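Undergrad: See start_31.txt below, with compact mmCIF, N, CA, C and O atoms.
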# COMPACT_ATOMS: atom_id res chain seq x y z
N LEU X 8 -65.84 5.41 17.82
CA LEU X 8 -64.74 5.67 16.88
C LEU X 8 -63.86 6.79 17.43
O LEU X 8 -64.32 7.71 18.10
N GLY X 9 -62.57 6.71 17.14
CA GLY X 9 -61.66 7.73 17.67
C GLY X 9 -61.33 7.42 19.13
O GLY X 9 -61.01 6.29 19.49
N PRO X 10 -61.42 8.42 20.00
CA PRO X 10 -61.26 8.15 21.43
C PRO X 10 -62.55 7.59 22.01
O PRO X 10 -62.54 6.77 22.94
N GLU X 11 -63.68 8.00 21.46
CA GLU X 11 -64.96 7.49 21.96
C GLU X 11 -65.30 6.10 21.44
O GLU X 11 -66.42 5.62 21.59
N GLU X 12 -64.36 5.44 20.76
CA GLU X 12 -64.52 3.99 20.58
C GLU X 12 -64.73 3.32 21.95
O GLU X 12 -65.38 2.28 22.05
N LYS X 13 -64.21 3.93 23.00
CA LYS X 13 -64.55 3.49 24.35
C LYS X 13 -66.06 3.60 24.61
O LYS X 13 -66.67 2.67 25.12
N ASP X 14 -66.68 4.73 24.27
CA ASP X 14 -68.14 4.79 24.42
C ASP X 14 -68.82 3.71 23.57
O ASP X 14 -69.72 3.01 24.04
N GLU X 15 -68.39 3.55 22.33
CA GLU X 15 -68.99 2.53 21.47
C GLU X 15 -68.84 1.12 22.05
O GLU X 15 -69.77 0.31 22.01
N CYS X 16 -67.67 0.82 22.57
CA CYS X 16 -67.45 -0.54 23.07
C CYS X 16 -68.17 -0.80 24.39
O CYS X 16 -68.58 -1.93 24.66
N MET X 17 -68.35 0.20 25.24
CA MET X 17 -69.27 -0.01 26.38
C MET X 17 -70.73 0.06 25.90
O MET X 17 -71.63 -0.47 26.55
N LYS X 18 -70.97 0.69 24.76
CA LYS X 18 -72.34 0.74 24.22
C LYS X 18 -72.77 -0.64 23.72
O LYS X 18 -73.90 -1.08 23.95
N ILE X 19 -71.90 -1.32 22.99
CA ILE X 19 -72.17 -2.74 22.70
C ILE X 19 -72.26 -3.53 24.00
O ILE X 19 -73.10 -4.40 24.17
N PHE X 20 -71.35 -3.23 24.92
CA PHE X 20 -71.46 -3.83 26.25
C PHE X 20 -72.78 -3.45 26.95
O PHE X 20 -73.02 -3.82 28.09
N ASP X 21 -73.55 -2.57 26.33
CA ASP X 21 -74.93 -2.33 26.81
C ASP X 21 -75.98 -3.05 25.95
O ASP X 21 -76.93 -3.63 26.46
N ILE X 22 -75.84 -3.00 24.62
CA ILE X 22 -76.85 -3.66 23.77
C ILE X 22 -76.70 -5.18 23.87
O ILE X 22 -77.68 -5.91 24.03
N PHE X 23 -75.48 -5.67 23.71
CA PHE X 23 -75.28 -7.13 23.69
C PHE X 23 -75.23 -7.69 25.11
O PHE X 23 -75.48 -8.87 25.33
N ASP X 24 -74.92 -6.85 26.09
CA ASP X 24 -75.17 -7.26 27.48
C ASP X 24 -76.68 -7.14 27.79
O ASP X 24 -77.13 -7.51 28.87
N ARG X 25 -77.45 -6.58 26.86
CA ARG X 25 -78.92 -6.60 26.94
C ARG X 25 -79.46 -5.42 27.74
O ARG X 25 -80.24 -4.61 27.25
N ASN X 26 -79.01 -5.33 28.97
CA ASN X 26 -79.61 -4.40 29.94
C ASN X 26 -79.04 -4.81 31.30
O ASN X 26 -78.51 -4.00 32.05
N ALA X 27 -79.16 -6.09 31.60
CA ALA X 27 -78.40 -6.65 32.72
C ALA X 27 -78.17 -8.14 32.45
O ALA X 27 -78.87 -9.01 32.97
N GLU X 28 -77.18 -8.42 31.62
CA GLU X 28 -76.85 -9.82 31.33
C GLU X 28 -75.34 -9.97 31.42
O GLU X 28 -74.84 -10.93 32.01
N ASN X 29 -74.60 -9.04 30.84
CA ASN X 29 -73.15 -9.01 31.06
C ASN X 29 -72.46 -10.27 30.55
O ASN X 29 -71.50 -10.74 31.15
N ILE X 30 -72.94 -10.85 29.45
CA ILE X 30 -72.22 -11.97 28.83
C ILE X 30 -72.54 -11.96 27.33
O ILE X 30 -73.68 -12.18 26.91
N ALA X 31 -71.55 -11.67 26.51
CA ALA X 31 -71.78 -11.64 25.06
C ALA X 31 -70.94 -12.74 24.41
O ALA X 31 -69.72 -12.77 24.56
N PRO X 32 -71.53 -13.64 23.62
CA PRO X 32 -70.74 -14.77 23.12
C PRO X 32 -70.06 -14.42 21.79
O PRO X 32 -70.03 -13.27 21.36
N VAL X 33 -69.46 -15.41 21.13
CA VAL X 33 -68.87 -15.14 19.80
C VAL X 33 -69.90 -14.63 18.79
O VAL X 33 -69.62 -13.70 18.03
N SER X 34 -71.06 -15.26 18.72
CA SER X 34 -72.07 -14.81 17.74
C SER X 34 -72.37 -13.32 17.89
O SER X 34 -72.53 -12.58 16.92
N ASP X 35 -72.43 -12.87 19.14
CA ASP X 35 -72.58 -11.44 19.41
C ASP X 35 -71.38 -10.65 18.86
O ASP X 35 -71.55 -9.54 18.35
N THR X 36 -70.17 -11.19 18.93
CA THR X 36 -69.02 -10.51 18.32
C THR X 36 -69.10 -10.50 16.78
O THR X 36 -68.50 -9.64 16.13
N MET X 37 -69.84 -11.42 16.18
CA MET X 37 -70.00 -11.40 14.72
C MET X 37 -70.95 -10.27 14.32
O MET X 37 -70.58 -9.37 13.57
N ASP X 38 -72.18 -10.33 14.83
CA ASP X 38 -73.11 -9.21 14.62
C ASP X 38 -72.47 -7.88 14.98
O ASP X 38 -72.79 -6.83 14.42
N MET X 39 -71.58 -7.91 15.95
CA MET X 39 -70.87 -6.70 16.35
C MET X 39 -69.93 -6.17 15.29
O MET X 39 -70.16 -5.14 14.66
N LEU X 40 -68.83 -6.87 15.15
CA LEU X 40 -67.74 -6.33 14.35
C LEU X 40 -68.14 -6.30 12.86
O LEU X 40 -67.38 -5.83 12.02
N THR X 41 -69.36 -6.75 12.56
CA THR X 41 -69.98 -6.41 11.27
C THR X 41 -70.89 -5.18 11.41
O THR X 41 -70.80 -4.24 10.62
N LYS X 42 -71.79 -5.16 12.39
CA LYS X 42 -72.77 -4.07 12.46
C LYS X 42 -72.32 -2.89 13.32
O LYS X 42 -72.49 -1.73 12.94
N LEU X 43 -71.86 -3.17 14.53
CA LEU X 43 -71.49 -2.09 15.45
C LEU X 43 -70.62 -1.03 14.77
O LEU X 43 -70.71 0.16 15.06
N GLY X 44 -69.77 -1.47 13.85
CA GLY X 44 -69.03 -0.49 13.05
C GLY X 44 -68.99 -0.97 11.61
O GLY X 44 -69.77 -0.53 10.76
N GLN X 45 -68.09 -1.90 11.35
CA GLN X 45 -67.98 -2.44 9.99
C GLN X 45 -66.90 -3.52 10.02
O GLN X 45 -67.13 -4.67 9.65
N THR X 46 -65.70 -3.13 10.44
CA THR X 46 -64.62 -4.10 10.61
C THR X 46 -63.41 -3.36 11.21
O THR X 46 -63.44 -2.13 11.30
N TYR X 47 -62.35 -4.03 11.64
CA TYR X 47 -61.22 -3.27 12.23
C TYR X 47 -60.03 -3.37 11.28
O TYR X 47 -59.99 -2.69 10.26
N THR X 48 -59.03 -4.20 11.58
CA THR X 48 -57.97 -4.41 10.59
C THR X 48 -58.46 -5.49 9.61
O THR X 48 -59.18 -5.20 8.66
N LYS X 49 -58.08 -6.74 9.82
CA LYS X 49 -58.63 -7.81 8.99
C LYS X 49 -58.35 -9.17 9.64
O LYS X 49 -59.27 -9.85 10.07
N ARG X 50 -57.09 -9.57 9.69
CA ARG X 50 -56.77 -10.87 10.29
C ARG X 50 -56.50 -10.74 11.79
O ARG X 50 -56.75 -11.67 12.57
N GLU X 51 -55.98 -9.60 12.22
CA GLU X 51 -55.66 -9.45 13.64
C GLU X 51 -56.93 -9.17 14.45
O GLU X 51 -57.10 -9.66 15.57
N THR X 52 -57.84 -8.38 13.91
CA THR X 52 -59.14 -8.28 14.59
C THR X 52 -59.93 -9.59 14.40
O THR X 52 -60.89 -9.86 15.12
N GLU X 53 -59.59 -10.39 13.40
CA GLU X 53 -60.09 -11.77 13.38
C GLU X 53 -59.61 -12.48 14.65
O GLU X 53 -60.32 -13.29 15.24
N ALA X 54 -58.38 -12.19 15.08
CA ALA X 54 -57.93 -12.64 16.39
C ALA X 54 -58.90 -12.19 17.49
O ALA X 54 -59.29 -12.98 18.35
N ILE X 55 -59.31 -10.92 17.47
CA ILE X 55 -60.36 -10.48 18.42
C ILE X 55 -61.52 -11.49 18.40
O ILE X 55 -61.90 -12.10 19.40
N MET X 56 -62.07 -11.61 17.20
CA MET X 56 -63.34 -12.30 17.01
C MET X 56 -63.27 -13.79 17.33
O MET X 56 -64.24 -14.39 17.78
N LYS X 57 -62.10 -14.38 17.16
CA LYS X 57 -61.98 -15.82 17.45
C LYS X 57 -61.59 -16.09 18.91
O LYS X 57 -61.89 -17.16 19.45
N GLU X 58 -60.94 -15.15 19.58
CA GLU X 58 -60.51 -15.42 20.96
C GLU X 58 -61.60 -15.12 22.00
O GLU X 58 -61.54 -15.62 23.12
N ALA X 59 -62.58 -14.30 21.64
CA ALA X 59 -63.64 -13.97 22.61
C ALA X 59 -64.24 -15.20 23.28
O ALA X 59 -64.26 -15.30 24.51
N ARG X 60 -64.74 -16.15 22.50
CA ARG X 60 -65.28 -17.39 23.12
C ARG X 60 -64.33 -18.03 24.13
O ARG X 60 -64.43 -17.77 25.33
N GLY X 61 -63.41 -18.90 23.72
CA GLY X 61 -62.74 -19.69 24.76
C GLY X 61 -62.19 -21.01 24.22
O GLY X 61 -62.09 -21.21 23.01
N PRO X 62 -61.86 -21.94 25.12
CA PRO X 62 -61.29 -23.20 24.65
C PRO X 62 -62.34 -24.30 24.46
O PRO X 62 -62.32 -25.03 23.47
N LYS X 63 -63.26 -24.43 25.41
CA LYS X 63 -64.28 -25.48 25.25
C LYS X 63 -65.42 -24.96 24.37
O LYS X 63 -65.91 -25.67 23.49
N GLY X 64 -65.86 -23.74 24.62
CA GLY X 64 -66.89 -23.17 23.75
C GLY X 64 -68.30 -23.72 23.99
O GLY X 64 -69.19 -23.52 23.16
N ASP X 65 -68.53 -24.40 25.11
CA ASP X 65 -69.89 -24.88 25.39
C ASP X 65 -70.80 -23.71 25.77
O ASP X 65 -71.87 -23.52 25.20
N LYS X 66 -70.37 -22.92 26.74
CA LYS X 66 -71.13 -21.71 27.08
C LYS X 66 -70.13 -20.62 27.47
O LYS X 66 -70.19 -20.03 28.55
N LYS X 67 -69.19 -20.34 26.58
CA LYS X 67 -68.17 -19.33 26.89
C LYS X 67 -68.55 -18.01 26.23
O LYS X 67 -68.42 -17.82 25.02
N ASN X 68 -69.06 -17.09 27.04
CA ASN X 68 -69.37 -15.76 26.51
C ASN X 68 -68.51 -14.78 27.29
O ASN X 68 -68.16 -15.01 28.44
N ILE X 69 -68.22 -13.64 26.69
CA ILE X 69 -67.41 -12.68 27.43
C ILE X 69 -68.28 -11.62 28.08
O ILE X 69 -69.03 -10.88 27.45
N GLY X 70 -68.14 -11.57 29.39
CA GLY X 70 -69.00 -10.69 30.18
C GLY X 70 -68.40 -9.32 30.45
O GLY X 70 -67.69 -8.75 29.62
N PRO X 71 -68.80 -8.74 31.59
CA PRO X 71 -68.56 -7.32 31.86
C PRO X 71 -67.30 -6.71 31.25
O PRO X 71 -67.35 -5.71 30.54
N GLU X 72 -66.14 -7.30 31.53
CA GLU X 72 -64.90 -6.56 31.26
C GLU X 72 -64.11 -6.99 30.02
O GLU X 72 -63.51 -6.13 29.37
N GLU X 73 -64.06 -8.28 29.67
CA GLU X 73 -63.23 -8.66 28.51
C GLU X 73 -63.63 -7.92 27.24
O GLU X 73 -62.78 -7.52 26.45
N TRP X 74 -64.92 -7.73 27.01
CA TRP X 74 -65.35 -7.14 25.75
C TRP X 74 -64.91 -5.68 25.61
O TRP X 74 -64.44 -5.28 24.54
N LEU X 75 -64.93 -4.89 26.67
CA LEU X 75 -64.39 -3.53 26.53
C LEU X 75 -62.87 -3.51 26.66
O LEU X 75 -62.21 -2.80 25.91
N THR X 76 -62.28 -4.20 27.62
CA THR X 76 -60.82 -4.18 27.69
C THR X 76 -60.21 -4.72 26.39
O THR X 76 -59.26 -4.14 25.87
N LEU X 77 -60.76 -5.80 25.84
CA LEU X 77 -60.27 -6.26 24.53
C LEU X 77 -60.51 -5.18 23.47
O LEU X 77 -59.65 -4.94 22.62
N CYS X 78 -61.66 -4.52 23.51
CA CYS X 78 -61.88 -3.44 22.54
C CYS X 78 -60.90 -2.27 22.77
O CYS X 78 -60.42 -1.67 21.81
N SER X 79 -60.54 -1.97 24.01
CA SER X 79 -59.53 -0.92 24.22
C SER X 79 -58.13 -1.42 23.83
O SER X 79 -57.32 -0.66 23.30
N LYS X 80 -57.84 -2.68 24.08
CA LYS X 80 -56.55 -3.24 23.66
C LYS X 80 -56.40 -3.24 22.14
O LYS X 80 -55.37 -2.84 21.59
N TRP X 81 -57.43 -3.70 21.44
CA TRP X 81 -57.34 -3.75 19.97
C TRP X 81 -57.40 -2.36 19.34
O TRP X 81 -56.80 -2.11 18.30
N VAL X 82 -58.12 -1.44 19.97
CA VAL X 82 -58.28 -0.12 19.36
C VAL X 82 -57.11 0.79 19.75
O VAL X 82 -56.29 1.16 18.91
N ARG X 83 -57.02 1.15 21.02
CA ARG X 83 -55.97 2.09 21.42
C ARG X 83 -54.64 1.37 21.63
O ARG X 83 -53.61 1.77 21.08
N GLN X 84 -54.68 0.26 22.51
CA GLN X 84 -53.48 -0.61 22.81
C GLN X 84 -54.17 0.35 23.77
O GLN X 84 -53.67 1.39 24.21
Output the structure of this file as structure tokens.
TA:
Amino acid sequence: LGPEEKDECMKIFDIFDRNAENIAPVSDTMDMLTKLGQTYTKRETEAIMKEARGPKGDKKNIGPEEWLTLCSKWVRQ
């Protein structure tokens, strides 16, 4: 939270990346943006939560960088 939302978002990038997995899917973004904090705006961070997966969605998880860069984009810009 604050400027250290960067620490929090790489911290989820540690819990949901497991330890060495580096791929978090949409379901992980649900448990996240509910548990990791609580919620962000409402419909626009819904944009966060719905865009993480992808177009086909068979095995589209967001790995090393999208989850923090998206978290920095949505939080700080």
Undergrad: Considering all atoms listed in the file, state which residue in the set X:9, X:32, X:22, X:16 is at the smallest distance from residue 66 of chain X.
TA: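 Looking at the shortest contact to residue 66 of chain X, the residue is X:32.
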Undergrad: Determine, counting only N, CA, C and O atoms, which protein, DNA and RNA residues have an atom within 8 Å of an atom of segment 42-52 of chain X; residues of the same chain fewer than 6 positions away are not included. Present the result as a PyMOL selection string.
TA: chain X and resi 8+15+19+35-36+58+81
Undergrad: What's the separation between atom O of residue 41 of chain X and atom N of residue 64 of chain X, in Å to one decimal place?
TA: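 We find that atom O of residue 41 of chain X and atom N of residue 64 of chain X lie 24.5 Å from each other.
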Undergrad: From a DSSP calculation on the backbone, collect every residue of segment 20-71 of chain X in alpha helix (DSSP H) and output the set as an NGL selection string.
TA: :X and (20-22 or 33-38 or 51-58)
Undergrad: Distance atom CA of residue 59 of chain X-atom C of residue 33 of chain X, one decimal place?
TA: 7.4 Å
Undergrad: Just the number, please: distance in Å from atom CA of residue 71 of chain X to atom CA of residue 83 of chain X, one decimal.
TA: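 Here the two named atoms are 18.9 Å from each other.
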Undergrad: For residue 80 of chain X, which of X:60, X:54, X:23, X:29 is the closest residue, counting only C-alpha atoms?
TA: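 Closest candidate: X:54.
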Undergrad: Taking into account only C-alpha atoms, which residue in the set X:38, X:24, X:11, X:53 is nearest to residue 69 of chain X?
TA: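 Going through X:38, X:24, X:11, X:53 one by one, the smallest distance to residue 69 of chain X is for X:24.
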Undergrad: Ranking X:70, X:63, X:56, X:78 by minimum distance to residue 28 of chain X and counting only N, CA, C and O atoms, which one comes first?
TA: X:70
Undergrad: Would you please work out which residue, of X:34, X:40, X:84, X:79, is nearest to residue 67 of chain X when using all atoms listed in the file?
TA: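 Smallest distance to residue 67 of chain X is found for X:34.
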Undergrad: So, counting only N, CA, C and O atoms, which residue among X:37, X:31, X:55, X:75 is closest to residue 17 of chain X?
TA: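 Closest to residue 17 of chain X, using only N, CA, C and O atoms: X:75.
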